[PDB]
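*Asks:* Before we start, here is the structure in question, set down as structure tokens.
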Amino acid sequence: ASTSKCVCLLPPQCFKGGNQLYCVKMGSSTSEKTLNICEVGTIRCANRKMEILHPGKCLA
């Protein structure tokens with residue numbers, strides 16, 4: 001809105017994709033979820049210590 005600069009999104013905000021770099025640990029959370037690039041981005045944008053275990057499926 002004229003700031004003319006972009007803002008790291010809430011992860012919720014984007015999702016209906018199949019560019020899955022699935023499995024992302026959290027370091028504090030320590031559990032194996034499944035994600036979009038827009039998700040991974042958003043996660044990395046602000047916060048830190050995301051580990052990519054697998055490009056493609058998790059531990060299921």
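We name chains A, B, ... following the order of the structure tokens; residues begin at 1 in each chain, and ligands are numbered from 1 as shown.
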Would you mind writing down, as a list in words, each residue of chain A that DSSP on the backbone assigns to strand (DSSP E)?
*Replies:*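 Put together, the selection reads residues 23, 24, 33, 34, 52, 53 and 54 of chain A.
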*Asks:* Quick one: residues within 9 Å of residue 27 of chain A, only C-alpha atoms, excluding same-chain residues fewer than 6 positions away - as a ChimeraX atom specification?
*Replies:* /A:48-51
*Asks:* Can you tell me, as number ranges by chain, what residues are no more than 7 Å from segment 57-60 of chain A when counting only C-alpha atoms, ignoring any on the same chain fewer than 5 positions away?
*Replies:* A: 22-23, 32-34
*Asks:* Please produce an output containing N, CA, C and O atoms for each residue in the selection, written as a PDB file, in the first residue's frame.
*Replies:*
```pdb
ATOM      1  N   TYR A  22       8.813 -31.105   1.060  1.00  0.00           N
ATOM      2  CA  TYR A  22       8.105 -31.589   2.240  1.00  0.00           C
ATOM      3  C   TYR A  22       8.778 -31.227   3.545  1.00  0.00           C
ATOM      4  O   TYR A  22       8.491 -30.188   4.130  1.00  0.00           O
ATOM      5  N   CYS A  23       9.699 -32.094   3.962  1.00  0.00           N
ATOM      6  CA  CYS A  23       9.991 -32.268   5.376  1.00  0.00           C
ATOM      7  C   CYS A  23      10.912 -31.214   5.944  1.00  0.00           C
ATOM      8  O   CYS A  23      12.072 -31.095   5.546  1.00  0.00           O
ATOM      9  N   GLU A  32       8.180 -33.502  12.267  1.00  0.00           N
ATOM     10  CA  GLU A  32       8.365 -33.559  10.805  1.00  0.00           C
ATOM     11  C   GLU A  32       7.102 -33.297   9.964  1.00  0.00           C
ATOM     12  O   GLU A  32       6.314 -34.211   9.723  1.00  0.00           O
ATOM     13  N   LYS A  33       6.949 -32.050   9.505  1.00  0.00           N
ATOM     14  CA  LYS A  33       5.765 -31.583   8.764  1.00  0.00           C
ATOM     15  C   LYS A  33       5.980 -31.576   7.246  1.00  0.00           C
ATOM     16  O   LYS A  33       7.018 -32.026   6.760  1.00  0.00           O
ATOM     17  N   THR A  34       5.001 -31.052   6.507  1.00  0.00           N
ATOM     18  CA  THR A  34       5.036 -31.059   5.036  1.00  0.00           C
ATOM     19  C   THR A  34       4.664 -29.689   4.433  1.00  0.00           C
ATOM     20  O   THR A  34       3.633 -29.116   4.799  1.00  0.00           O
TER      21      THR A  34
END
```
*Asks:* With distances taken over only C-alpha atoms, which residue among A:21, A:35, A:9, A:1 lies nearest residue 47 of chain A?
*Replies:*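 Among the listed residues, A:9 lies closest to residue 47 of chain A.
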*Asks:* Nearest residue to residue 14 of chain A out of A:26, A:36, A:31, A:43, using only C-alpha atoms?
*Replies:*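 Looking at the shortest contact to residue 14 of chain A, the residue is A:36.
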*Asks:* Would you mind telling me which residue in A:25, A:20, A:39, A:45 lies nearest to residue 8 of chain A when using only C-alpha atoms?
*Replies:*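 Using only C-alpha atoms, residue 8 of chain A sits closest to A:45.
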*Asks:* Would you please give, as an MDAnalysis selection string, all residues of chain A that DSSP assigns to helix (DSSP H, G or I) based on the backbone?
*Replies:* chainID A and resid 11:13 37:45
*Asks:* So the first atom is atom CA of residue 24 of chain A and the second is atom CA of residue 42 of chain A; what is the distance between them in Å, to one decimal place?
*Replies:*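 Going from atom CA of residue 24 of chain A over to atom CA of residue 42 of chain A, I get 12.6 Å.
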*Asks:* To one decimal in Å, tell me the separation between atom CA of residue 7 of chain A and atom CA of residue 46 of chain A.
*Replies:* 9.7 Å
